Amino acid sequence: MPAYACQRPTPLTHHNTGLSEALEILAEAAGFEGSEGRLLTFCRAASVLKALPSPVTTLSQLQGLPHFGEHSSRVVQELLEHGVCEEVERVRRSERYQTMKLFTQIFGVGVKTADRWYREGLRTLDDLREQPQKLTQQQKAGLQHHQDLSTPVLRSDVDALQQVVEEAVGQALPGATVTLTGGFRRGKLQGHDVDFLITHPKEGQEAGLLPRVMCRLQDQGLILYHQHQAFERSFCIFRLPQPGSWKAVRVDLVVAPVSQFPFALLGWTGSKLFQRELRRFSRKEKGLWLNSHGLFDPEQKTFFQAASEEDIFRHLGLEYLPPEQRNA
């Protein structure tokens, strides 16, 4: 088992679901307390279990696995022996974890904001609604739409959304394309949002595209919120039809020049941990700097041209993983 998540296939569904869930609770709780290193180790240990070919049934099977030390091994041991881990259950029922989880779920609220509200004594969404002076416009939108945004987006929802985005994109710039990215591209059947990547085959024609797209979607009455109600990324709330009604859905739109499209597709397809691990691998093992725009050799001071995700894995000396196997 390799140490980096980008060195092994990780399928969406696997054989250690309960074990990985528990470790991810501890990861999430570590992030709520600002311990990014502990969050990373618990996420990586969870991801190792997702990559295993069969269930862990005995503690000895953790021998030699990367990112399993005393703490993660004890969590697994207790789950194997008792079906519950006391530390995990204590986190689950703690007021701090439940409130930080509730608050950071709000669109526009991160750990720092949630933690300040927590320290001020706030605990529920209604507490926030009673103090609208504490809220940015973005947070007001996230709070108002919180119930709809807590409902999973379905794969059936995605196709109808892509068609309306393509229609607006086609009027904004004929020939521009829309690619589904994010978790749905990795094979997920539900999601917290829908992620799209937009480009145009003629380099440079995509400049200034996203404002044109957003103002067309807004004129059609489809945008419940966006930040610009020049930019290349838009995190918005869409109005999506339902039976006899509609529901709010988060949609992320990103524009990239076609020269950068493989890097942007790779970055925005995720998973988040897969990309962190891939960029760490690139820098630490290959001495190359990877981001959503390109791959930089800092010694030659040169960028790698890529025509495909396959190109990028080859540049990094990694076996290619299709999106479905990037579910780290």
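Note that residue numbering follows the sequence shown and begins at 1.
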Are any deposited residues left out of the model between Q229 and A230, and how many (none, 1 to 3, 4 to 9, 10 or more)? 10 or more
Mean B factor on CA atoms, stretches 44-52 and 294-302, record says higher is 294-302
141-149 set against 119-127, stretch whose average Cα temperature factor tops the other in the entry: 119-127
Which of these, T104, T179, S234, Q242, has its C-alpha atom at the highest B-factor, as the entry lists it? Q242
Of the choices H192, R186, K134, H200, which one's C-alpha carries the largest B-factor in the record? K134
Could you tell me which third, lowest, middle or highest, the C-alpha B-factor of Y225 occupies within its chain? middle
Using the temperature factors of the C-alpha atoms in this entry, rank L65 within its chain: lowest, middle or highest third. highest
Give the position of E81 by CA B-factor within its chain, expressed as the lowest, middle or highest third. highest
Taking only the Cα B-factors deposited for this chain, tell me whether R250 sits in the lowest, middle or highest third. lowest
Name the third of the chain's ranked CA B-factors that contains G270, choosing lowest, middle or highest. lowest
